[PDB]
Ligand SMILES: [Cl-]
Ligand SMILES: [Cl-]
């Protein structure tokens, strides 16, 4: 297991535009196109992301290509974030992937406000962090996925995904 398989499991793969759990237009492996309620807007952002007139449908290769860029982007966002980098650098490899998953889902922003959980993680106080992470909108809206990520931080293993 790795970050890619892990996220492909959390996000799924869809080749036509769809709405995510928050009602936003998305495509591929969790690639958010826009927060706008406009489908046209969405179709426009997609064609710009892909570089062709897609008509709201992409191929598998294209989806995987967006996915790689998004993963790369998430990592780099972490490395550039002063609040997050030190946490990330402090973690083992399995736990790093859990932090990337959260950023990929919620953005640097979103995560960068789990201040308290982040300190706990940096301290390697796993059970405590796991409890603090659950006190969130994130957990309450997507509990199953949140639990998988939270178990990963708690244990440092991939058991939740096997
Ligand atoms: Cl893009
Ligand atoms: Cl979920």
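In the authors' numbering, the protein residues as written are 1 to 162.
For every residue, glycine included, the Cβ atom is placed at its ideal position computed from N, Cα and C.
Per DSSP, cross-strand counterpart(s) of residue 103: Per DSSP, none; premise fails for residue 103.
For residue 46, the first and last residue of its enclosing alpha helix (DSSP H): Boundaries of the alpha helix (DSSP H) harbouring residue 46: 39–50, taken from the DSSP string.
Closer than 5 Å to ligand 2: residues, by C-beta to nearest heavy atom, in chain order: Here the residues come out as 142, 144 and 145.
Contact under 7 Å by Cβ, residue 6 with residue 139: No. Outside cutoff.
Unbroken beta strand (DSSP E) run spanning residue 28, endpoints: Counting along the chain, the beta strand (DSSP E) containing residue 28 begins and ends at 25–28.
Residues bridged to residue 148 (per DSSP): In DSSP, residue 148 forms no bridge with anything.
Proximity to residue 44 [Cα-Cα], best of 86, 26 and 82: Per the Cα distances, 26.
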